[PDB]
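Protein chains in written order, with my numbering: chain A, 1 to 226; chain B, 1001 to 1213; chain C, 2001 to 2008; chain D, 3001 to 3008.
For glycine and all other residues, C-beta sits at the position ideal for the given N, C-alpha and C.
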Amino acid sequence: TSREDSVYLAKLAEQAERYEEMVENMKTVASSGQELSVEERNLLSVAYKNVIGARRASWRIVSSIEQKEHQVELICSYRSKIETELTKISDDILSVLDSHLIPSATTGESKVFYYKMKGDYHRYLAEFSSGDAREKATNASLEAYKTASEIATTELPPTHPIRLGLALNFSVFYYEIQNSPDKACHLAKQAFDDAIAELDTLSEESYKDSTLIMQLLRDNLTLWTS
Amino acid sequence: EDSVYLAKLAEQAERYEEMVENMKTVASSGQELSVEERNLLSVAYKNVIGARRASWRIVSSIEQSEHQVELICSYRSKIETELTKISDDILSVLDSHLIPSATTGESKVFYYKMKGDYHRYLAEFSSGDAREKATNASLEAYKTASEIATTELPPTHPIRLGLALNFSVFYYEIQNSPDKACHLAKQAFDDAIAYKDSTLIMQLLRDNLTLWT
Amino acid sequence: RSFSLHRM
Amino acid sequence: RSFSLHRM
């Protein structure tokens, strides 16, 4: 199957709700020489986000069951079988992110997008780890976000959905992983105020996507400030 | 015992493929099942096969370049092979352990209704003599269950009612018999004119009658 | 479009 | 619980 054939099967698997195969279709495309297009890396992002989304949901259910005999152990190994699948998915996406995606990225917008994913799946890892793995995941997550944030501030307008979506996930990292509501609100409020000032820079094609993420920023700001 | 605990766990986590594997070991032992394990095994396979039928129904409807048509026809064969394997695994459980070693008539109707169900799912995508044999295999299990249900289960019992639902749907969908589908759907609904599930059943029977008539 | 059996 | 970027 050719390069465009794998991209079509990813769009096929997307609507078929078979997201595990959507990864293999996109994993065999991003590793090619070409750089992923605007829609291509969207399928790559959509694919993995659903693959790890199911285990994140599955892990969050099994944790609350234990947080509420041989049943004590049966849940502990089941909850760890999901954590192994959560690591396999994160290590798989982070490996191609660090071997091909980020190195071969030349566009400033491409670098922000991939460095954001690096922060995202490092953050998924730190959601459940404890000890050395949680401390290692927290550091790499913040290092990739800060790198994306520095490149986004100089190469992207403040209303760009990739720049706004980054600060949204970066702010969630501060509140949920680093437990710093003051650092989350500060970055989230600044990201909202930076985009409000340059409203003329809101592009026609990127208009609806930018307004949506700004509302997601304010919803988090309201929740964190209680 | 421990295998049944993992099934309830995997149902909460919605990892139904593991719920099937764990409930498979409980049915692999030829010991009679229980009302809970009978439905734990049913919901496990219902969700696993339901996802592939969802993908099959969506992917087959996507067909609407010859390469692009032959590309999705190969992707459907991927889903069909899963649909075949999952149906073959549960049917071999019923045909070997559950149906032969069933003691009560209530379970016999449930297991014979299960057999016709997964034979019917086979008919939804099979071709040639695979669909023809699956058609006959589904009607035989359904008709056997209905003959037993008319004597062991009351007309309001949800297993007798749910069996009529899937039997009538089989007539309208596989054999393309609208008159046979409406006759039984209405006969079963009228015969039940008199627990917390039979009401929902006759709701589904009435909604199907409205669409079929 | 036809409804078979489900949990509700 | 905070809300992260969903599908675009």
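Asked	Found
C-beta atoms of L1091 of chain B and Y1118 of chain B nearer than 8 angstroms	yes
Counted within 10 angstroms of its Cβ, other Cβ atoms place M2008 of chain C as buried (16 or more) or exposed	exposed
Proximity test, Cβ basis, 8 angstroms: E1063 of chain B and chain C	no
Residues, ordered as in the chain, of the segment 6 to 27 of chain A that lie near chain B by beta-carbon distance below 9 angstroms	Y8, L9, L12, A13, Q15, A16, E17, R18 and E21
Partner residues on chain D for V46 of chain A, Cβ-Cβ distance less than 9 angstroms	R3007 and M3008
Straight-line Cα distance separating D1089 of chain B from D194 of chain A	58 angstroms
Residues of its chain near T147 of chain A, where Cβ-Cβ distance is below 6 angstroms and the 5 sequence neighbours each way are ignored	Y115
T1199 of chain B versus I1148 of chain B: straight-line alpha-carbon distance, rounded	22 angstroms
Reduced DSSP category for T159 of chain A - H, G, I as helix; E, B as strand; rest coil	coil
Rounded C-alpha distance that separates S1061 of chain B from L1083 of chain B	17 angstroms
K1196 of chain B (DSSP reduced to helix, strand or coil)	coil
Beta carbon of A16 of chain A nearer than 8 angstroms to that of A47 of chain A	no
Where the alpha helix (DSSP H) through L1083 of chain B begins and ends	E1066 to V1093
The segment 181 to 193 of chain A / the segment 210 to 224 of chain A touching (three or more Cβ pairs under 8 angstroms)	yes
Beta carbon proximity, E176 of chain A to chain E, threshold 8 angstroms	Here chain E cannot be found, since the structure's protein chains are A, B, C and D.
Three-state class that DSSP yields for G33 of chain A in the structure shown	coil
Buried versus exposed, by CB contacts within 10 Å (16 or more), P1100 of chain B	exposed
First through last residue of the alpha helix (DSSP H) which encompasses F1125 of chain B	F1125 of chain B -> no alpha helix (DSSP H), and no H or E assigned at all.
N-terminal and C-terminal residue of the alpha helix (DSSP H) that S58 of chain A is part of	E40 to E66
Cβ-based burial, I196 of chain A [other Cβ within 10 Å; buried from 16]	exposed
C-beta contact flag for residue 234 of chain A and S141 of chain A at 8 angstroms	The first residue shown for chain A is 1 and the last is 226, placing residue 234 of chain A beyond what the model contains.
Separation of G1105 of chain B from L1098 of chain B, as counted between CA atoms	12 angstroms
Neighbour-count burial assignment, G1128 of chain B, 16 or more Cβ in a 10 Å radius	exposed
Rounded distance between the beta-carbons of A1027 of chain B and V1093 of chain B, thought under 8 angstroms	5 angstroms
Three-state secondary structure assigned by DSSP to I1174 of chain B	coil
Any chain D beta carbon closer than 8 angstroms to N179 of chain A	no
Expected contact under 8 angstroms - CB spacing of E198 of chain A and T159 of chain A to nearest Å	6 angstroms
Separation of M214 of chain A from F192 of chain A, as counted between CA atoms	6 angstroms
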